[PDB]
Each structure stands twice: as structure tokens, then as C-alpha cells.
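> Structure file structure13.txt (compact mmCIF, N, CA and C atoms and all ligand atoms) right here:
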```
# COMPACT_ATOMS: atom_id res chain seq x y z
N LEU A 1 -117.39 -100.65 -89.38
CA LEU A 1 -116.18 -101.55 -89.44
C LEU A 1 -114.97 -100.83 -90.00
N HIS A 2 -113.79 -101.19 -89.50
CA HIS A 2 -112.56 -100.56 -89.94
C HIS A 2 -111.50 -101.55 -90.36
N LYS A 3 -110.68 -101.12 -91.30
CA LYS A 3 -109.66 -101.95 -91.88
C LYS A 3 -108.33 -101.77 -91.14
N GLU A 4 -107.65 -102.88 -90.85
CA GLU A 4 -106.39 -102.87 -90.11
C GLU A 4 -105.27 -103.47 -90.93
N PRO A 5 -104.03 -102.96 -90.76
CA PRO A 5 -102.94 -103.49 -91.58
C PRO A 5 -102.57 -104.89 -91.14
N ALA A 6 -101.90 -105.60 -92.05
CA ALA A 6 -101.47 -106.98 -91.85
C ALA A 6 -100.61 -107.40 -93.03
N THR A 7 -99.78 -108.42 -92.83
CA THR A 7 -98.85 -108.84 -93.87
C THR A 7 -99.01 -110.33 -94.12
N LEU A 8 -98.92 -110.74 -95.39
CA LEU A 8 -98.93 -112.14 -95.72
C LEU A 8 -97.78 -112.86 -95.03
N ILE A 9 -98.09 -113.98 -94.37
CA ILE A 9 -97.07 -114.94 -93.98
C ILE A 9 -97.13 -116.08 -94.99
N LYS A 10 -98.31 -116.69 -95.19
CA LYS A 10 -98.45 -117.84 -96.07
C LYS A 10 -99.90 -118.05 -96.49
N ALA A 11 -100.11 -118.32 -97.78
CA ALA A 11 -101.36 -118.89 -98.26
C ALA A 11 -101.57 -120.26 -97.63
N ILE A 12 -102.82 -120.64 -97.34
CA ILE A 12 -103.07 -121.99 -96.81
C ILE A 12 -104.02 -122.72 -97.75
N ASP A 13 -105.30 -122.34 -97.78
CA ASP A 13 -106.20 -122.84 -98.83
C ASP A 13 -107.22 -121.77 -99.25
N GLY A 14 -108.38 -122.20 -99.77
CA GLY A 14 -109.38 -121.29 -100.33
C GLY A 14 -109.82 -120.21 -99.34
N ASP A 15 -110.04 -120.61 -98.08
CA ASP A 15 -110.64 -119.69 -97.09
C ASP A 15 -109.84 -119.50 -95.77
N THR A 16 -108.59 -119.95 -95.78
CA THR A 16 -107.65 -119.71 -94.65
C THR A 16 -106.30 -119.21 -95.17
N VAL A 17 -105.67 -118.38 -94.38
CA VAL A 17 -104.46 -117.66 -94.76
C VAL A 17 -103.71 -117.29 -93.49
N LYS A 18 -102.40 -117.44 -93.53
CA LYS A 18 -101.57 -117.13 -92.37
C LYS A 18 -101.07 -115.70 -92.58
N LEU A 19 -101.39 -114.81 -91.65
CA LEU A 19 -101.01 -113.41 -91.74
C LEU A 19 -100.37 -112.96 -90.44
N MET A 20 -99.47 -111.99 -90.55
CA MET A 20 -99.00 -111.27 -89.35
C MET A 20 -99.94 -110.11 -89.02
N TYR A 21 -100.52 -110.16 -87.83
CA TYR A 21 -101.44 -109.17 -87.36
C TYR A 21 -101.06 -108.70 -85.94
N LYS A 22 -100.89 -107.37 -85.81
CA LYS A 22 -100.34 -106.72 -84.61
C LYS A 22 -99.04 -107.43 -84.21
N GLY A 23 -98.16 -107.64 -85.19
CA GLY A 23 -96.86 -108.30 -85.00
C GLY A 23 -96.81 -109.79 -84.67
N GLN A 24 -97.98 -110.44 -84.65
CA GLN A 24 -98.14 -111.86 -84.32
C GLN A 24 -98.62 -112.68 -85.51
N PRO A 25 -98.00 -113.86 -85.74
CA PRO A 25 -98.53 -114.85 -86.71
C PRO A 25 -99.90 -115.37 -86.28
N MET A 26 -100.81 -115.51 -87.23
CA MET A 26 -102.16 -115.94 -86.93
C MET A 26 -102.75 -116.54 -88.19
N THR A 27 -103.55 -117.57 -88.01
CA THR A 27 -104.34 -118.14 -89.10
C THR A 27 -105.67 -117.43 -89.09
N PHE A 28 -106.06 -116.92 -90.25
CA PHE A 28 -107.34 -116.29 -90.42
C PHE A 28 -108.24 -117.16 -91.28
N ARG A 29 -109.49 -117.25 -90.85
CA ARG A 29 -110.54 -117.95 -91.53
C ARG A 29 -111.51 -116.88 -92.05
N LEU A 30 -111.85 -116.95 -93.33
CA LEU A 30 -112.69 -115.91 -93.94
C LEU A 30 -114.12 -116.02 -93.48
N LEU A 31 -114.63 -114.89 -93.00
CA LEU A 31 -116.02 -114.82 -92.61
C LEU A 31 -116.91 -115.08 -93.78
N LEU A 32 -117.97 -115.87 -93.54
CA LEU A 32 -119.19 -115.91 -94.36
C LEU A 32 -119.07 -116.73 -95.60
N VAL A 33 -118.00 -117.52 -95.68
CA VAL A 33 -117.73 -118.28 -96.90
C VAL A 33 -117.31 -119.69 -96.59
N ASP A 34 -117.46 -120.59 -97.57
CA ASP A 34 -116.91 -121.92 -97.44
C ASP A 34 -116.37 -122.32 -98.79
N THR A 35 -115.07 -122.52 -98.84
CA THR A 35 -114.46 -123.09 -100.03
C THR A 35 -114.38 -124.60 -99.86
N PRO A 36 -114.41 -125.37 -100.97
CA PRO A 36 -114.13 -126.81 -100.78
C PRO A 36 -112.73 -127.03 -100.18
N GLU A 37 -112.57 -128.09 -99.40
CA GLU A 37 -111.24 -128.54 -98.95
C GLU A 37 -110.46 -128.82 -100.21
N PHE A 38 -109.12 -128.80 -100.11
CA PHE A 38 -108.22 -128.98 -101.28
C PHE A 38 -108.44 -130.32 -102.00
N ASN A 39 -108.73 -131.36 -101.22
CA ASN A 39 -108.99 -132.70 -101.74
C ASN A 39 -110.39 -132.86 -102.39
N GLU A 40 -111.19 -131.79 -102.41
CA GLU A 40 -112.52 -131.83 -103.06
C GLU A 40 -112.52 -131.09 -104.40
N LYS A 41 -113.63 -131.18 -105.11
CA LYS A 41 -113.77 -130.58 -106.44
C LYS A 41 -113.81 -129.06 -106.29
N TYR A 42 -113.04 -128.37 -107.14
CA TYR A 42 -112.77 -126.91 -107.05
C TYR A 42 -111.92 -126.45 -105.84
N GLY A 43 -111.59 -127.38 -104.94
CA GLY A 43 -110.61 -127.17 -103.87
C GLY A 43 -109.28 -126.57 -104.30
N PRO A 44 -108.55 -127.24 -105.25
CA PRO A 44 -107.33 -126.63 -105.77
C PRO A 44 -107.54 -125.27 -106.41
N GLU A 45 -108.60 -125.11 -107.20
CA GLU A 45 -108.91 -123.83 -107.88
C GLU A 45 -109.13 -122.70 -106.83
N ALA A 46 -109.88 -123.03 -105.78
CA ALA A 46 -110.12 -122.09 -104.66
C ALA A 46 -108.80 -121.70 -103.96
N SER A 47 -107.98 -122.69 -103.61
CA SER A 47 -106.69 -122.43 -102.97
C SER A 47 -105.85 -121.52 -103.83
N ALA A 48 -105.80 -121.83 -105.14
CA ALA A 48 -105.09 -121.04 -106.16
C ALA A 48 -105.57 -119.59 -106.25
N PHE A 49 -106.89 -119.42 -106.23
CA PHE A 49 -107.49 -118.10 -106.35
C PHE A 49 -107.06 -117.17 -105.20
N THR A 50 -107.25 -117.67 -103.98
CA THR A 50 -106.92 -116.92 -102.76
C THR A 50 -105.41 -116.64 -102.67
N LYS A 51 -104.62 -117.65 -103.04
CA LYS A 51 -103.17 -117.58 -103.12
C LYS A 51 -102.71 -116.43 -104.03
N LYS A 52 -103.17 -116.38 -105.30
CA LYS A 52 -102.78 -115.27 -106.23
C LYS A 52 -103.19 -113.94 -105.65
N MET A 53 -104.40 -113.90 -105.09
CA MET A 53 -104.99 -112.65 -104.58
C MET A 53 -104.17 -112.06 -103.43
N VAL A 54 -103.82 -112.89 -102.47
CA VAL A 54 -103.06 -112.39 -101.30
C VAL A 54 -101.58 -112.21 -101.62
N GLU A 55 -100.99 -113.14 -102.40
CA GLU A 55 -99.59 -113.03 -102.82
C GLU A 55 -99.28 -111.83 -103.71
N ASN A 56 -100.19 -111.48 -104.63
CA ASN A 56 -100.00 -110.31 -105.52
C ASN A 56 -100.35 -108.95 -104.90
N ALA A 57 -100.91 -108.95 -103.70
CA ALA A 57 -101.34 -107.70 -103.07
C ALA A 57 -100.17 -106.93 -102.49
N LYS A 58 -100.17 -105.63 -102.70
CA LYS A 58 -99.19 -104.75 -102.09
C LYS A 58 -99.63 -104.47 -100.67
N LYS A 59 -100.94 -104.33 -100.48
CA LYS A 59 -101.50 -104.11 -99.17
C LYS A 59 -102.60 -105.14 -98.83
N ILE A 60 -102.40 -105.87 -97.73
CA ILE A 60 -103.41 -106.75 -97.15
C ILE A 60 -104.00 -106.04 -95.94
N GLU A 61 -105.33 -106.02 -95.86
CA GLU A 61 -106.00 -105.52 -94.66
C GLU A 61 -106.91 -106.55 -94.03
N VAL A 62 -107.02 -106.45 -92.72
CA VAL A 62 -107.90 -107.28 -91.92
C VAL A 62 -109.02 -106.36 -91.45
N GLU A 63 -110.25 -106.88 -91.50
CA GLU A 63 -111.42 -106.16 -91.02
C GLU A 63 -112.29 -107.12 -90.22
N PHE A 64 -112.23 -107.00 -88.89
CA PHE A 64 -113.14 -107.72 -88.00
C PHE A 64 -114.57 -107.21 -88.09
N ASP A 65 -115.51 -108.11 -87.84
CA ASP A 65 -116.91 -107.75 -87.72
C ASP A 65 -117.21 -107.34 -86.26
N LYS A 66 -118.49 -107.36 -85.89
CA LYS A 66 -118.98 -106.87 -84.61
C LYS A 66 -118.92 -107.91 -83.50
N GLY A 67 -119.10 -109.19 -83.85
CA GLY A 67 -119.05 -110.29 -82.88
C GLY A 67 -117.67 -110.90 -82.73
N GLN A 68 -117.65 -112.23 -82.67
CA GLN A 68 -116.43 -113.07 -82.55
C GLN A 68 -115.25 -112.69 -83.46
N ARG A 69 -114.07 -112.46 -82.87
CA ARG A 69 -112.84 -112.24 -83.63
C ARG A 69 -111.98 -113.50 -83.75
N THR A 70 -112.22 -114.46 -82.85
CA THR A 70 -111.47 -115.73 -82.81
C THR A 70 -112.48 -116.88 -82.78
N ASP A 71 -112.23 -117.93 -83.56
CA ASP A 71 -113.09 -119.12 -83.53
C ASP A 71 -112.57 -120.13 -82.51
N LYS A 72 -113.31 -121.23 -82.34
CA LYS A 72 -112.98 -122.24 -81.33
C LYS A 72 -111.63 -122.92 -81.58
N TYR A 73 -111.11 -122.80 -82.80
CA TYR A 73 -109.80 -123.34 -83.15
C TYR A 73 -108.69 -122.30 -83.00
N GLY A 74 -109.02 -121.10 -82.51
CA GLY A 74 -108.03 -120.03 -82.38
C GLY A 74 -107.68 -119.33 -83.69
N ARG A 75 -108.51 -119.50 -84.72
CA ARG A 75 -108.31 -118.79 -85.98
C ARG A 75 -108.97 -117.41 -85.88
N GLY A 76 -108.32 -116.38 -86.40
CA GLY A 76 -108.95 -115.05 -86.52
C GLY A 76 -110.10 -115.13 -87.53
N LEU A 77 -111.20 -114.45 -87.25
CA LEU A 77 -112.35 -114.40 -88.17
C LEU A 77 -112.52 -113.00 -88.71
N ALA A 78 -112.32 -112.85 -90.01
CA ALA A 78 -112.28 -111.50 -90.60
C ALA A 78 -112.63 -111.52 -92.09
N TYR A 79 -112.98 -110.34 -92.59
CA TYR A 79 -112.94 -110.04 -94.01
C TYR A 79 -111.53 -109.59 -94.30
N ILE A 80 -110.93 -110.23 -95.30
CA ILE A 80 -109.60 -109.93 -95.78
C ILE A 80 -109.70 -109.16 -97.11
N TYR A 81 -108.91 -108.09 -97.22
CA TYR A 81 -108.87 -107.23 -98.41
C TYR A 81 -107.49 -107.25 -99.00
N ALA A 82 -107.44 -107.31 -100.32
CA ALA A 82 -106.20 -107.35 -101.08
C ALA A 82 -106.27 -106.15 -102.04
N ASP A 83 -105.48 -105.13 -101.71
CA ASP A 83 -105.48 -103.82 -102.39
C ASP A 83 -106.89 -103.27 -102.56
N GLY A 84 -107.65 -103.31 -101.48
CA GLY A 84 -109.01 -102.78 -101.48
C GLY A 84 -110.10 -103.76 -101.95
N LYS A 85 -109.72 -104.91 -102.51
CA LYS A 85 -110.72 -105.92 -102.95
C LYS A 85 -110.90 -107.02 -101.91
N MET A 86 -112.15 -107.24 -101.47
CA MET A 86 -112.46 -108.28 -100.49
C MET A 86 -112.30 -109.67 -101.10
N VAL A 87 -111.38 -110.45 -100.54
CA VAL A 87 -111.18 -111.85 -100.92
C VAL A 87 -112.47 -112.68 -100.74
N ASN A 88 -113.13 -112.53 -99.58
CA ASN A 88 -114.37 -113.27 -99.25
C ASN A 88 -115.35 -113.10 -100.42
N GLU A 89 -115.61 -111.84 -100.79
CA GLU A 89 -116.55 -111.52 -101.85
C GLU A 89 -116.12 -112.04 -103.20
N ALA A 90 -114.82 -111.92 -103.52
CA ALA A 90 -114.28 -112.36 -104.81
C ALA A 90 -114.38 -113.89 -105.04
N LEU A 91 -114.14 -114.67 -103.99
CA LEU A 91 -114.32 -116.14 -104.06
C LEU A 91 -115.76 -116.52 -104.39
N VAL A 92 -116.71 -115.86 -103.71
CA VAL A 92 -118.12 -116.12 -103.93
C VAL A 92 -118.49 -115.73 -105.39
N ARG A 93 -118.01 -114.56 -105.83
CA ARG A 93 -118.38 -114.01 -107.12
C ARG A 93 -117.97 -114.96 -108.22
N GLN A 94 -116.85 -115.61 -108.00
CA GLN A 94 -116.28 -116.53 -108.95
C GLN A 94 -116.83 -117.93 -108.79
N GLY A 95 -117.79 -118.12 -107.88
CA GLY A 95 -118.31 -119.45 -107.60
C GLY A 95 -117.24 -120.42 -107.11
N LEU A 96 -116.25 -119.91 -106.37
CA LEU A 96 -115.25 -120.77 -105.75
C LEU A 96 -115.50 -120.96 -104.25
N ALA A 97 -116.51 -120.24 -103.75
CA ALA A 97 -116.97 -120.39 -102.37
C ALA A 97 -118.46 -120.23 -102.37
N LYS A 98 -119.10 -120.84 -101.36
CA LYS A 98 -120.51 -120.65 -101.07
C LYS A 98 -120.61 -119.74 -99.88
N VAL A 99 -121.70 -118.97 -99.80
CA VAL A 99 -122.01 -118.23 -98.58
C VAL A 99 -122.35 -119.27 -97.48
N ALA A 100 -121.83 -119.08 -96.26
CA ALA A 100 -121.86 -120.12 -95.23
C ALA A 100 -121.51 -119.55 -93.89
N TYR A 101 -121.81 -120.32 -92.84
CA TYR A 101 -121.44 -119.97 -91.47
C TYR A 101 -121.82 -118.54 -91.12
N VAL A 102 -123.06 -118.20 -91.45
CA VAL A 102 -123.62 -116.87 -91.18
C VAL A 102 -124.18 -116.92 -89.77
N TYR A 103 -123.47 -116.25 -88.86
CA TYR A 103 -123.80 -116.23 -87.44
C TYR A 103 -124.16 -114.80 -87.05
N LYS A 104 -125.05 -114.68 -86.06
CA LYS A 104 -125.69 -113.41 -85.67
C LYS A 104 -124.73 -112.26 -85.41
N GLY A 105 -123.65 -112.52 -84.70
CA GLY A 105 -122.69 -111.45 -84.36
C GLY A 105 -121.92 -110.86 -85.53
N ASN A 106 -121.65 -111.70 -86.55
CA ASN A 106 -120.70 -111.38 -87.62
C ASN A 106 -121.35 -111.62 -88.97
N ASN A 107 -122.15 -110.67 -89.43
CA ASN A 107 -122.87 -110.83 -90.69
C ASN A 107 -123.05 -109.54 -91.48
N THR A 108 -122.26 -108.52 -91.14
CA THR A 108 -122.31 -107.22 -91.81
C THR A 108 -122.35 -107.33 -93.34
N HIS A 109 -121.44 -108.11 -93.93
CA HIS A 109 -121.34 -108.18 -95.38
C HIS A 109 -122.13 -109.33 -95.99
N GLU A 110 -123.07 -109.92 -95.24
CA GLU A 110 -123.94 -111.00 -95.76
C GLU A 110 -124.68 -110.73 -97.09
N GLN A 111 -125.37 -109.60 -97.16
CA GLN A 111 -126.17 -109.29 -98.34
C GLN A 111 -125.30 -109.11 -99.58
N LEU A 112 -124.17 -108.44 -99.37
CA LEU A 112 -123.21 -108.22 -100.42
C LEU A 112 -122.71 -109.56 -100.93
N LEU A 113 -122.37 -110.50 -100.04
CA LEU A 113 -121.95 -111.84 -100.52
C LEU A 113 -123.08 -112.65 -101.14
N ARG A 114 -124.30 -112.57 -100.63
CA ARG A 114 -125.38 -113.32 -101.30
C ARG A 114 -125.66 -112.76 -102.71
N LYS A 115 -125.50 -111.44 -102.84
CA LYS A 115 -125.58 -110.78 -104.13
C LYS A 115 -124.58 -111.40 -105.10
N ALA A 116 -123.32 -111.51 -104.67
CA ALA A 116 -122.27 -112.13 -105.49
C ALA A 116 -122.56 -113.61 -105.80
N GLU A 117 -123.09 -114.34 -104.82
CA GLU A 117 -123.46 -115.74 -105.04
C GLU A 117 -124.56 -115.93 -106.10
N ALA A 118 -125.61 -115.11 -106.00
CA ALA A 118 -126.73 -115.15 -106.98
C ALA A 118 -126.17 -114.95 -108.37
N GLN A 119 -125.31 -113.93 -108.50
CA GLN A 119 -124.65 -113.59 -109.75
C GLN A 119 -123.73 -114.69 -110.27
N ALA A 120 -122.97 -115.34 -109.37
CA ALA A 120 -122.13 -116.50 -109.74
C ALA A 120 -122.95 -117.73 -110.14
N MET A 121 -124.04 -117.97 -109.40
CA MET A 121 -125.03 -119.00 -109.77
C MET A 121 -125.64 -118.71 -111.14
N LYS A 122 -126.08 -117.46 -111.34
CA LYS A 122 -126.67 -117.02 -112.62
C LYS A 122 -125.79 -117.44 -113.77
N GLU A 123 -124.47 -117.22 -113.63
CA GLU A 123 -123.46 -117.58 -114.63
C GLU A 123 -123.02 -119.03 -114.59
N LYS A 124 -123.60 -119.85 -113.71
CA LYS A 124 -123.14 -121.24 -113.52
C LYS A 124 -121.62 -121.34 -113.37
N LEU A 125 -121.02 -120.51 -112.51
CA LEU A 125 -119.55 -120.50 -112.38
C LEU A 125 -119.07 -121.59 -111.44
N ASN A 126 -118.06 -122.33 -111.91
CA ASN A 126 -117.34 -123.36 -111.14
C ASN A 126 -118.23 -124.30 -110.32
N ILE A 127 -118.39 -124.01 -109.02
CA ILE A 127 -119.28 -124.79 -108.14
C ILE A 127 -120.70 -124.93 -108.69
N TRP A 128 -121.14 -123.94 -109.48
CA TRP A 128 -122.54 -123.86 -109.89
C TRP A 128 -122.86 -124.37 -111.30
N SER A 129 -121.85 -124.83 -112.02
CA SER A 129 -122.03 -125.32 -113.39
C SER A 129 -122.73 -126.68 -113.44
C1 LIG A 201 -116.50 -119.35 -90.86
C2 LIG A 201 -116.61 -119.75 -89.41
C3 LIG A 201 -116.35 -121.07 -89.00
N1 LIG A 201 -116.42 -121.42 -87.68
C4 LIG A 201 -116.18 -122.80 -87.25
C5 LIG A 201 -117.48 -123.58 -87.44
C6 LIG A 201 -117.03 -124.95 -87.91
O1 LIG A 201 -117.00 -125.84 -86.78
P1 LIG A 201 -116.88 -127.43 -86.96
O2 LIG A 201 -115.42 -127.74 -87.25
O3 LIG A 201 -117.37 -127.84 -85.60
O4 LIG A 201 -117.77 -127.89 -88.07
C7 LIG A 201 -115.63 -124.77 -88.48
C8 LIG A 201 -115.63 -124.88 -90.02
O5 LIG A 201 -114.46 -124.27 -90.58
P2 LIG A 201 -113.74 -124.91 -91.86
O6 LIG A 201 -114.78 -124.77 -92.94
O7 LIG A 201 -112.50 -124.08 -92.12
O8 LIG A 201 -113.48 -126.33 -91.45
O9 LIG A 201 -115.21 -123.48 -88.06
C9 LIG A 201 -116.78 -120.43 -86.72
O10 LIG A 201 -116.87 -120.73 -85.51
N2 LIG A 201 -117.05 -119.16 -87.07
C10 LIG A 201 -116.98 -118.76 -88.35
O11 LIG A 201 -117.22 -117.58 -88.62
CA CA A 202 -113.62 -124.97 -96.07
```
Turn the structure described in the file into C-alpha cells.
Ligand SMILES: Cc1cn([C@H]2C[C@H](OP(=O)(O)O)[C@@H](COP(=O)(O)O)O2)c(=O)[nH]c1=O
Ligand SMILES: [Ca+2]

Amino acid sequence: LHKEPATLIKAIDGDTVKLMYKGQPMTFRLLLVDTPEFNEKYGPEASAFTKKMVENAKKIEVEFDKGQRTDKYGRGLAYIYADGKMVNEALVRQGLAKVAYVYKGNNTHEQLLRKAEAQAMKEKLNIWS
């Protein structure tokens, strides 16, 4: 897998973000994670977390997996990196997202995220308290 440049357009919530990719605006949905909707418990905290992470980054990168790059809603499906730190992984680590939507084509970083989830559960963080 390889990392591609991209620029913040707008934070949306815990696991979606509007980015410019190859000069085009696009909504990206984070692979392998599920944050609560904003109207749910830890929803605002998740939105806030992803927001600080992408807004404070000097460099945002997009990294597609091996399968699907676009979902049925036309959202890009990717691992997003903020100055070298994976947002997907950081949300899980903090117990602000659960590992989810693990599909056969796009699961490269699955073990790494379940590792972070076990560790966040161990600490009873946010979702897991
Ligand atoms: C994370 C992810 C979600 N999706 C689809 C499945 C879900 O369909 P349904 O809407 O039919 O339940 C939806 C959930 O996304 P949200 O969690 O952002 O709503 O997005 C994918 O197709 N691929 C993916 O990698
Ligand atoms: Ca969600």
C-alpha cells in the first residue's frame, strides 16, 4: 500500500472527512472503523478527536487498500494519515471507534486495529468504560 497526498476541505464527524484528492472534493469514510453518530454517546467526542487530528496536520495522506476505493454512497474508502499517524488506528486506540465493516478486499490493517481495540478495551476507554 502507498500513501497519496490530499488536503483538508472539512471535518465532518468521527469517521468521515471531506478532503481534496487528485484536485477533486470527496468525502472519505475511514476503513475498518465505526464511530458513533454525533447524536449518540461519544459521538461528539469522536467528531472532536478526528477534527483536531486532521485540522492540526501539516500533511494529510490518503492510503487506499487492495479492494473497493469507493462505497455505494460514493464516499472514498481509505486509511487517512495525519503527519504520519493513522486516524483510523488512533480513534480505535482511544476507544472512540470500534473495529467494523471488515470486508475481504480491504482489510490490510485489520490486525493492527484489533490490537488497538484490545488495548483500548483493556483500559476501559470511552466506549469501553
Ligand atoms: C466502512 C465501510 C462502510 N460501507 C458502507 C456499509 C454501510 O451500509 P448501510 O448504510 O447499508 O448500512 C454504510 C455504513 O457507513 P456509516 O457507518 O458511515 O453509516 O457504509 C462500505 O461499503 N464499505 C466500507 O468499507
Ligand atoms: Ca458511523
> For ligand LIG 201 (chain A), which of A:87, A:77, A:17, A:97 is the closest residue, counting only C-alpha atoms and all ligand atoms?
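Smallest distance to ligand LIG 201 (chain A) is found for A:77.
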> Using DSSP secondary structure from the backbone, list all alpha helix (DSSP H) positions within chain A, as a ChimeraX atom specification.
/A:43-55,87-93,110-122
> Could you list, as a short mmCIF file (atom, residue, chain, number, x, y, z; two decimals) with N, CA and C atoms, in the frame of the given file, all the residues within 7 Å of ligand LIG 201 (chain A), counting all atoms listed in the file?

```
data_model
loop_
_atom_site.label_atom_id
_atom_site.label_comp_id
_atom_site.auth_asym_id
_atom_site.auth_seq_id
_atom_site.Cartn_x
_atom_site.Cartn_y
_atom_site.Cartn_z
N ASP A 15 -110.04 -120.61 -98.08
CA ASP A 15 -110.64 -119.69 -97.09
C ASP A 15 -109.84 -119.50 -95.77
N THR A 16 -108.59 -119.95 -95.78
CA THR A 16 -107.65 -119.71 -94.65
C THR A 16 -106.30 -119.21 -95.17
N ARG A 29 -109.49 -117.25 -90.85
CA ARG A 29 -110.54 -117.95 -91.53
C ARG A 29 -111.51 -116.88 -92.05
N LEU A 30 -111.85 -116.95 -93.33
CA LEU A 30 -112.69 -115.91 -93.94
C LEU A 30 -114.12 -116.02 -93.48
N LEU A 31 -114.63 -114.89 -93.00
CA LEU A 31 -116.02 -114.82 -92.61
C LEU A 31 -116.91 -115.08 -93.78
N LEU A 32 -117.97 -115.87 -93.54
CA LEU A 32 -119.19 -115.91 -94.36
C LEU A 32 -119.07 -116.73 -95.60
N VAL A 33 -118.00 -117.52 -95.68
CA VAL A 33 -117.73 -118.28 -96.90
C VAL A 33 -117.31 -119.69 -96.59
N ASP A 34 -117.46 -120.59 -97.57
CA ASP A 34 -116.91 -121.92 -97.44
C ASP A 34 -116.37 -122.32 -98.79
N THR A 35 -115.07 -122.52 -98.84
CA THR A 35 -114.46 -123.09 -100.03
C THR A 35 -114.38 -124.60 -99.86
N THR A 70 -112.22 -114.46 -82.85
CA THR A 70 -111.47 -115.73 -82.81
C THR A 70 -112.48 -116.88 -82.78
N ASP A 71 -112.23 -117.93 -83.56
CA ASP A 71 -113.09 -119.12 -83.53
C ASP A 71 -112.57 -120.13 -82.51
N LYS A 72 -113.31 -121.23 -82.34
CA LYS A 72 -112.98 -122.24 -81.33
C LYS A 72 -111.63 -122.92 -81.58
N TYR A 73 -111.11 -122.80 -82.80
CA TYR A 73 -109.80 -123.34 -83.15
C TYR A 73 -108.69 -122.30 -83.00
N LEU A 77 -111.20 -114.45 -87.25
CA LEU A 77 -112.35 -114.40 -88.17
C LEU A 77 -112.52 -113.00 -88.71
N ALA A 78 -112.32 -112.85 -90.01
CA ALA A 78 -112.28 -111.50 -90.60
C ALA A 78 -112.63 -111.52 -92.09
N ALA A 100 -121.83 -119.08 -96.26
CA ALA A 100 -121.86 -120.12 -95.23
C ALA A 100 -121.51 -119.55 -93.89
N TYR A 101 -121.81 -120.32 -92.84
CA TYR A 101 -121.44 -119.97 -91.47
C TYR A 101 -121.82 -118.54 -91.12
N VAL A 102 -123.06 -118.20 -91.45
CA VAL A 102 -123.62 -116.87 -91.18
C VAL A 102 -124.18 -116.92 -89.77
N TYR A 103 -123.47 -116.25 -88.86
CA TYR A 103 -123.80 -116.23 -87.44
C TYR A 103 -124.16 -114.80 -87.05
#
```
> Could you tell me how far atom C of residue 54 of chain A sits from atom N of residue 12 of chain A, in Å to one decimal place?
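Between atom N of residue 12 of chain A and atom C of residue 54 of chain A the gap works out to 9.5 Å.
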> Calculate how many Å separate atom CA of residue 61 of chain A from atom CA of residue 18 of chain A, rounding to one decimal.
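Answer for the atom CA of residue 61 of chain A to atom CA of residue 18 of chain A separation: 12.6 Å.
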> Which of these residues is nearest to residue 68 of chain A, using all atoms listed in the file: A:111, A:106, A:24, A:119?
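Answer, going by the shortest atom-to-atom distance: A:106.
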> Find the residues around residue 50 of chain A up to 6.5 Å (all atoms listed in the file counted), leave out those fewer than 3 positions away in its own chain, and share them as number ranges by chain.
A: 11, 13-14, 45-47, 53-55
> Once you count all atoms listed in the file, which residues end up no further than 7 Å from (-118.1, -122.8, -104.7) in the file's frame, shown as a list in words?
residues 34, 35, 36, 91, 92, 94, 95, 96, 97, 98, 125, 126, 127 and 128 of chain A
> Since we have the selection now, will you write its residues out, keeping N, CA and C atoms, as a JSON list (two decimals), keeping the file's coordinate frame?

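The resulting file, again.json, is shown below:
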```json
[["chain", "number", "residue", "atom", "x", "y", "z"],
["A", 34, "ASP", "N", -117.46, -120.59, -97.57],
["A", 34, "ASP", "CA", -116.91, -121.92, -97.44],
["A", 34, "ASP", "C", -116.37, -122.32, -98.79],
["A", 35, "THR", "N", -115.07, -122.52, -98.84],
["A", 35, "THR", "CA", -114.46, -123.09, -100.03],
["A", 35, "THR", "C", -114.38, -124.60, -99.86],
["A", 36, "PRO", "N", -114.41, -125.37, -100.97],
["A", 36, "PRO", "CA", -114.13, -126.81, -100.78],
["A", 36, "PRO", "C", -112.73, -127.03, -100.18],
["A", 91, "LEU", "N", -114.14, -114.67, -103.99],
["A", 91, "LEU", "CA", -114.32, -116.14, -104.06],
["A", 91, "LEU", "C", -115.76, -116.52, -104.39],
["A", 92, "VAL", "N", -116.71, -115.86, -103.71],
["A", 92, "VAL", "CA", -118.12, -116.12, -103.93],
["A", 92, "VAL", "C", -118.49, -115.73, -105.39],
["A", 94, "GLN", "N", -116.85, -115.61, -108.00],
["A", 94, "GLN", "CA", -116.28, -116.53, -108.95],
["A", 94, "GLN", "C", -116.83, -117.93, -108.79],
["A", 95, "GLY", "N", -117.79, -118.12, -107.88],
["A", 95, "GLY", "CA", -118.31, -119.45, -107.60],
["A", 95, "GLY", "C", -117.24, -120.42, -107.11],
["A", 96, "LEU", "N", -116.25, -119.91, -106.37],
["A", 96, "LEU", "CA", -115.25, -120.77, -105.75],
["A", 96, "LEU", "C", -115.50, -120.96, -104.25],
["A", 97, "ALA", "N", -116.51, -120.24, -103.75],
["A", 97, "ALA", "CA", -116.97, -120.39, -102.37],
["A", 97, "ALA", "C", -118.46, -120.23, -102.37],
["A", 98, "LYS", "N", -119.10, -120.84, -101.36],
["A", 98, "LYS", "CA", -120.51, -120.65, -101.07],
["A", 98, "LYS", "C", -120.61, -119.74, -99.88],
["A", 125, "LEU", "N", -121.02, -120.51, -112.51],
["A", 125, "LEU", "CA", -119.55, -120.50, -112.38],
["A", 125, "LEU", "C", -119.07, -121.59, -111.44],
["A", 126, "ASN", "N", -118.06, -122.33, -111.91],
["A", 126, "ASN", "CA", -117.34, -123.36, -111.14],
["A", 126, "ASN", "C", -118.23, -124.30, -110.32],
["A", 127, "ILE", "N", -118.39, -124.01, -109.02],
["A", 127, "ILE", "CA", -119.28, -124.79, -108.14],
["A", 127, "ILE", "C", -120.70, -124.93, -108.69],
["A", 128, "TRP", "N", -121.14, -123.94, -109.48],
["A", 128, "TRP", "CA", -122.54, -123.86, -109.89],
["A", 128, "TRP", "C", -122.86, -124.37, -111.30]]
```
> Mind pulling up the distance from atom N of residue 116 of chain A to atom CA of residue 20 of chain A?
28.7 Å
> Measuring atom to atom with all atoms listed in the file, identify which of A:62, A:93, A:37, A:114 is nearest to ligand CA 202 (chain A).
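Result for the nearest residue to ligand CA 202 (chain A): A:37.
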> List every residue of chain A that DSSP, applied to the backbone of this structure, assigns to strand (DSSP E or B), and report them as JSON, numbers by chain.
{"A": [4, 5, 6, 7, 8, 9, 10, 11, 16, 17, 18, 19, 20, 21, 24, 25, 26, 27, 28, 29, 30, 33, 34, 60, 61, 62, 63, 70, 76, 77, 78, 79, 80, 81, 82, 85, 86, 98, 99, 103, 106]}
